[PDB]
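Just data_30.cif here, mmCIF, C-alpha atoms:
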```
data_query
loop_
_atom_site.group_PDB
_atom_site.id
_atom_site.type_symbol
_atom_site.label_atom_id
_atom_site.label_comp_id
_atom_site.auth_asym_id
_atom_site.auth_seq_id
_atom_site.Cartn_x
_atom_site.Cartn_y
_atom_site.Cartn_z
ATOM 1 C CA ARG A 9 0.000 0.000 0.000
ATOM 2 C CA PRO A 10 1.276 3.453 -0.976
ATOM 3 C CA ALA A 11 0.471 6.656 0.896
ATOM 4 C CA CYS A 12 -2.000 9.351 -0.105
ATOM 5 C CA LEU A 13 -2.241 12.938 1.142
ATOM 6 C CA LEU A 14 -5.840 14.139 1.679
ATOM 7 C CA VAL A 15 -5.679 17.910 2.151
ATOM 8 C CA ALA A 16 -8.779 19.766 3.318
ATOM 9 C CA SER A 17 -9.773 23.067 4.888
ATOM 10 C CA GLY A 18 -9.618 23.939 8.558
ATOM 11 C CA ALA A 19 -11.729 27.042 7.844
ATOM 12 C CA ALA A 20 -15.082 28.008 9.274
ATOM 13 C CA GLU A 21 -17.607 26.155 7.094
ATOM 14 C CA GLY A 22 -14.796 24.441 5.365
ATOM 15 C CA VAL A 23 -15.372 20.946 4.011
ATOM 16 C CA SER A 24 -18.398 19.225 2.446
ATOM 17 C CA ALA A 25 -19.330 16.235 4.561
ATOM 18 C CA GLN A 26 -20.449 13.784 1.864
ATOM 19 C CA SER A 27 -17.536 14.618 -0.429
ATOM 20 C CA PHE A 28 -15.144 14.023 2.469
ATOM 21 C CA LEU A 29 -16.844 10.786 3.540
ATOM 22 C CA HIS A 30 -16.363 9.345 0.074
ATOM 23 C CA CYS A 31 -12.782 10.595 -0.243
ATOM 24 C CA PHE A 32 -11.751 9.133 3.115
ATOM 25 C CA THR A 33 -13.487 5.755 2.897
ATOM 26 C CA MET A 34 -12.649 5.249 -0.796
ATOM 27 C CA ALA A 35 -8.999 6.290 -0.512
ATOM 28 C CA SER A 36 -8.389 4.417 2.759
ATOM 29 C CA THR A 37 -9.246 1.177 0.935
ATOM 30 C CA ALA A 38 -6.217 1.633 -1.333
ATOM 31 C CA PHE A 39 -3.802 3.857 0.608
ATOM 32 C CA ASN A 40 -2.288 4.518 3.972
ATOM 33 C CA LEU A 41 -4.211 7.758 4.282
ATOM 34 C CA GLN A 42 -3.142 11.008 5.967
ATOM 35 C CA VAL A 43 -5.460 13.983 6.486
ATOM 36 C CA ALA A 44 -3.708 17.368 6.519
ATOM 37 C CA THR A 45 -5.071 20.898 6.952
ATOM 38 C CA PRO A 46 -3.547 24.351 7.490
ATOM 39 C CA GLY A 47 -2.330 24.765 11.053
ATOM 40 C CA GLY A 48 -3.580 21.254 11.712
ATOM 41 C CA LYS A 49 -6.907 22.868 12.585
ATOM 42 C CA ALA A 50 -9.828 20.450 12.845
ATOM 43 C CA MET A 51 -12.238 20.398 9.908
ATOM 44 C CA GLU A 52 -15.711 21.911 9.985
ATOM 45 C CA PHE A 53 -18.333 19.863 8.149
ATOM 46 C CA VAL A 54 -20.881 21.621 5.975
ATOM 47 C CA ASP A 55 -23.910 19.677 4.656
ATOM 48 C CA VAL A 56 -24.201 17.219 7.538
ATOM 49 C CA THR A 57 -27.481 15.276 7.343
ATOM 50 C CA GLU A 58 -29.437 12.304 8.684
ATOM 51 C CA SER A 59 -27.699 9.975 6.201
ATOM 52 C CA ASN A 60 -24.060 10.711 7.092
ATOM 53 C CA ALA A 61 -24.434 11.878 10.703
ATOM 54 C CA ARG A 62 -23.590 8.534 12.311
ATOM 55 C CA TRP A 63 -20.459 8.248 10.170
ATOM 56 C CA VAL A 64 -19.157 11.670 11.184
ATOM 57 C CA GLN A 65 -20.041 11.070 14.840
ATOM 58 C CA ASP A 66 -17.831 7.988 14.549
ATOM 59 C CA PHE A 67 -15.104 9.791 12.576
ATOM 60 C CA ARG A 68 -14.662 12.507 15.203
ATOM 61 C CA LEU A 69 -13.816 9.756 17.713
ATOM 62 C CA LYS A 70 -11.106 8.043 15.624
ATOM 63 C CA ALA A 71 -7.418 8.658 16.290
ATOM 64 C CA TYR A 72 -6.696 9.949 12.773
ATOM 65 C CA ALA A 73 -9.608 12.421 12.785
ATOM 66 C CA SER A 74 -6.926 14.918 13.816
ATOM 67 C CA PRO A 75 -5.187 16.309 10.722
ATOM 68 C CA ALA A 76 -1.477 16.733 10.349
ATOM 69 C CA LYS A 77 -0.096 20.238 9.943
ATOM 70 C CA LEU A 78 -0.094 20.792 6.166
ATOM 71 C CA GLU A 79 2.896 23.116 6.646
ATOM 72 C CA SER A 80 4.912 20.250 8.239
ATOM 73 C CA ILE A 81 4.463 17.675 5.460
ATOM 74 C CA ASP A 82 6.978 16.486 2.847
ATOM 75 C CA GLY A 83 5.176 16.110 -0.463
ATOM 76 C CA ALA A 84 7.627 13.445 -1.611
ATOM 77 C CA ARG A 85 6.377 10.989 1.004
ATOM 78 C CA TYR A 86 3.030 10.515 -0.818
ATOM 79 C CA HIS A 87 2.136 8.963 -4.165
ATOM 80 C CA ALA A 88 -1.235 10.706 -4.487
ATOM 81 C CA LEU A 89 -3.039 13.901 -3.451
ATOM 82 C CA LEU A 90 -6.798 14.239 -2.911
ATOM 83 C CA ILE A 91 -8.752 17.436 -2.150
ATOM 84 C CA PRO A 92 -12.454 16.843 -1.305
ATOM 85 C CA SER A 93 -15.079 19.456 -2.073
ATOM 86 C CA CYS A 94 -14.130 22.179 0.419
ATOM 87 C CA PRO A 95 -16.112 25.449 0.506
ATOM 88 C CA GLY A 96 -13.493 26.879 2.888
ATOM 89 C CA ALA A 97 -10.776 26.140 0.309
ATOM 90 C CA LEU A 98 -10.786 29.786 -0.774
ATOM 91 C CA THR A 99 -9.779 31.187 2.621
ATOM 92 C CA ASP A 100 -7.550 28.287 3.710
ATOM 93 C CA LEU A 101 -5.987 26.535 0.725
ATOM 94 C CA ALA A 102 -6.158 28.779 -2.364
ATOM 95 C CA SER A 103 -3.622 31.028 -0.562
ATOM 96 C CA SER A 104 -1.442 28.334 1.080
ATOM 97 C CA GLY A 105 2.201 28.590 0.059
ATOM 98 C CA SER A 106 2.755 25.192 1.656
ATOM 99 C CA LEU A 107 0.220 23.542 -0.646
ATOM 100 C CA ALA A 108 1.665 25.376 -3.635
ATOM 101 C CA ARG A 109 5.065 23.862 -2.890
ATOM 102 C CA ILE A 110 3.562 20.369 -2.508
ATOM 103 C CA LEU A 111 1.581 20.812 -5.736
ATOM 104 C CA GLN A 112 4.661 22.036 -7.586
ATOM 105 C CA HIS A 113 6.349 18.813 -6.472
ATOM 106 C CA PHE A 114 3.394 16.664 -7.584
ATOM 107 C CA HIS A 115 3.181 18.323 -11.005
ATOM 108 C CA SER A 116 6.969 18.132 -11.477
ATOM 109 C CA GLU A 117 7.053 14.365 -10.777
ATOM 110 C CA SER A 118 3.701 14.002 -12.625
ATOM 111 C CA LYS A 119 2.011 12.414 -9.645
ATOM 112 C CA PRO A 120 -1.762 11.844 -9.406
ATOM 113 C CA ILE A 121 -3.685 14.894 -8.190
ATOM 114 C CA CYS A 122 -7.450 14.672 -7.581
ATOM 115 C CA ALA A 123 -9.556 17.721 -6.659
ATOM 116 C CA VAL A 124 -13.349 17.698 -6.390
ATOM 117 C CA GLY A 125 -15.741 20.632 -6.579
ATOM 118 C CA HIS A 126 -14.802 23.425 -4.183
ATOM 119 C CA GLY A 127 -11.526 21.624 -3.469
ATOM 120 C CA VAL A 128 -10.532 22.497 -7.039
ATOM 121 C CA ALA A 129 -10.206 26.098 -5.828
ATOM 122 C CA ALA A 130 -7.308 24.915 -3.644
ATOM 123 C CA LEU A 131 -5.325 24.456 -6.873
ATOM 124 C CA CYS A 132 -5.223 28.220 -7.536
ATOM 125 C CA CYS A 133 -2.434 28.568 -4.949
ATOM 126 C CA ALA A 134 0.154 27.069 -7.327
ATOM 127 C CA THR A 135 1.756 30.196 -8.778
ATOM 128 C CA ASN A 136 5.053 29.822 -10.618
ATOM 129 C CA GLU A 137 7.771 32.462 -10.331
ATOM 130 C CA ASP A 138 6.267 34.130 -13.431
ATOM 131 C CA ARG A 139 2.960 34.340 -11.516
ATOM 132 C CA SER A 140 1.463 31.856 -13.987
ATOM 133 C CA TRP A 141 -0.430 28.785 -12.843
ATOM 134 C CA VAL A 142 1.445 25.481 -12.965
ATOM 135 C CA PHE A 143 -1.712 23.932 -14.460
ATOM 136 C CA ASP A 144 -1.456 26.179 -17.497
ATOM 137 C CA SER A 145 -1.993 23.678 -20.341
ATOM 138 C CA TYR A 146 -4.279 21.461 -18.237
ATOM 139 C CA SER A 147 -8.026 21.209 -18.845
ATOM 140 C CA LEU A 148 -10.093 21.020 -15.649
ATOM 141 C CA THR A 149 -13.614 21.197 -14.289
ATOM 142 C CA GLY A 150 -14.831 23.018 -11.217
ATOM 143 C CA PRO A 151 -17.627 25.078 -9.709
ATOM 144 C CA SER A 152 -18.315 28.525 -11.094
ATOM 145 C CA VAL A 153 -21.351 28.929 -8.812
ATOM 146 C CA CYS A 154 -19.199 30.325 -5.980
ATOM 147 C CA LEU A 167 -13.379 35.752 -3.404
ATOM 148 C CA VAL A 168 -9.641 36.284 -3.864
ATOM 149 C CA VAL A 169 -9.402 34.289 -7.128
ATOM 150 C CA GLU A 170 -11.706 35.109 -10.038
ATOM 151 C CA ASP A 171 -9.285 35.284 -12.963
ATOM 152 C CA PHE A 172 -8.069 31.685 -12.665
ATOM 153 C CA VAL A 173 -11.580 30.218 -12.500
ATOM 154 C CA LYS A 174 -12.066 32.382 -15.622
ATOM 155 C CA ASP A 175 -9.240 32.000 -18.131
ATOM 156 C CA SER A 176 -6.563 29.414 -17.243
ATOM 157 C CA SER A 181 -15.125 23.340 -18.257
ATOM 158 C CA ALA A 182 -18.603 23.348 -16.727
ATOM 159 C CA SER A 183 -21.712 21.296 -17.422
ATOM 160 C CA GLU A 184 -24.765 21.392 -15.145
ATOM 161 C CA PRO A 185 -25.330 22.156 -11.444
ATOM 162 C CA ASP A 186 -25.702 18.772 -9.701
ATOM 163 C CA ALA A 187 -24.593 16.442 -12.505
ATOM 164 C CA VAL A 188 -21.551 14.187 -12.244
ATOM 165 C CA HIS A 189 -18.830 15.778 -14.343
ATOM 166 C CA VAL A 190 -15.263 14.489 -14.003
ATOM 167 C CA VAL A 191 -12.265 15.413 -16.173
ATOM 168 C CA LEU A 192 -9.011 13.444 -16.408
ATOM 169 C CA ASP A 193 -6.109 15.339 -18.039
ATOM 170 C CA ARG A 194 -2.874 13.299 -17.936
ATOM 171 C CA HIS A 195 -2.497 12.873 -14.147
ATOM 172 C CA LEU A 196 -4.841 15.595 -12.878
ATOM 173 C CA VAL A 197 -8.418 14.456 -12.160
ATOM 174 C CA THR A 198 -11.057 17.043 -11.243
ATOM 175 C CA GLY A 199 -14.647 16.583 -10.123
ATOM 176 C CA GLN A 200 -16.917 19.518 -10.844
ATOM 177 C CA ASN A 201 -19.028 19.320 -7.694
ATOM 178 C CA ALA A 202 -19.638 17.299 -4.548
ATOM 179 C CA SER A 203 -21.856 14.909 -6.535
ATOM 180 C CA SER A 204 -18.863 14.001 -8.747
ATOM 181 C CA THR A 205 -16.848 12.885 -5.667
ATOM 182 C CA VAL A 206 -17.250 9.125 -6.136
ATOM 183 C CA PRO A 207 -16.211 8.857 -9.820
ATOM 184 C CA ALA A 208 -13.480 11.442 -9.296
ATOM 185 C CA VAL A 209 -11.554 9.475 -6.749
ATOM 186 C CA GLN A 210 -12.291 6.243 -8.626
ATOM 187 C CA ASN A 211 -10.373 7.848 -11.468
ATOM 188 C CA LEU A 212 -7.685 8.680 -8.886
ATOM 189 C CA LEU A 213 -7.704 5.015 -7.883
ATOM 190 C CA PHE A 214 -7.469 4.058 -11.545
ATOM 191 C CA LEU A 215 -4.348 6.234 -12.004
ATOM 192 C CA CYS A 216 -2.595 4.378 -9.189
ATOM 193 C CA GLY A 217 -3.361 0.862 -10.459
#
```

As structure tokens, the full file:
Amino acid sequence: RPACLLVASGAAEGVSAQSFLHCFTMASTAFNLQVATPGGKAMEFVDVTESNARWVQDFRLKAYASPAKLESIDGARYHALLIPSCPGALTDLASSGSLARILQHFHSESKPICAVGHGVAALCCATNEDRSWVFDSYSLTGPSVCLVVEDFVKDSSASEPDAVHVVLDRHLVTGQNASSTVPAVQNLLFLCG
């Protein structure tokens, strides 16, 4: 089993609960999984409901519910990176210089990156020295429905609001929205097979 880095938000209404549930359970079946967030701050679950409540009540009680400090992580230790749909991504992650260094590693070694829905915003942090995005020539999907970054969701793609829409370009896999979480990471799992 290889290792996979699951980065999420620590921010206020940060991470979508169903997206995360699928990322964690699905990726844990194939990887030694490691949750990481800025500052190591515990995640705040949006969209918690009667269907997933038991699971998150159990998750909060598990030893690895505590994230590692994203700033303290060596990107080289992991073969895959997975960002669930995280509404808080745009305060936490889309401005994280730590994530931009880990992403620059992953893109340089062409390692599998998977980002779903709002988590796709987290990819805007990866500015090269020339202030260009490292995912210049890449084609991606993500939410336009919802702000420090507006130009990169604009010019550097979208289908329908709640429909599963997943795009695989080389080694970058993007889900457009929370709904697309399950096929997205299955593509991730396909890349690592």

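With distances taken over only C-alpha atoms, A:20 is the one residue among A:64, A:188, A:13, A:20 lying closest to residue 99 (chain A).
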
Margin query: Suppose a student applies the PyMOL selection byres ((chain A and resi 145) around 12) to this structure; what residues should they get, written as an MDAnalysis selection string?
Written below: chainID A and resid 115 140:144 146:148 175:176 193:194 196

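Nearest to residue 42 (chain A) of all the residues A:133, A:153, A:208, A:71 is A:71, based on only C-alpha atoms.
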
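Each of A:137, A:132, A:181, A:209 was compared to residue 36 (chain A) using all atoms listed in the file, and A:209 turns out to be the nearest.
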
Next item on the list: Any chance you could resolve the PyMOL selection byres ((chain A and resi 22-29) around 9) against this file and give the residues as a ChimeraX atom specification?
Entry: /A:16-21,30-34,51-57,60,63-64,91-97,99-100,124-127,201-206

Margin query: Quick check on the file I pasted: which residues fall under the PyMOL selection byres ((chain A and resi 173) around 9)? Write them as a ChimeraX atom specification.
Written below: /A:129,132,150-152,169-172,174-176

Note to self: Neighbouring residues of residue 210 (chain A) were defined as those with any atom within 12 Å, considering only C-alpha atoms; residues of the same chain fewer than 6 positions away were excluded. Please report them as a PyMOL selection string.
What the structure shows: chain A and resi 30-31+33-35+37-38+90+120+122-124+190-192+197-199+204+216-217

Check: Quick one: of A:213, A:107, A:12, A:187, who's nearest to residue 39 (chain A), counting all atoms listed in the file?
Finding: A:12

Item checked: Separation of CA of residue 74 (chain A) from CA of residue 40 (chain A), in Å and rounded to one decimal -> 15.1 Å

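Note that the spacing between CA of residue 14 (chain A) and CA of residue 154 (chain A) amounts to 22.3 Å.
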
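Nearest residue to residue 121 (chain A), choosing from A:87, A:109, A:189, A:49 and counting only C-alpha atoms: A:87.
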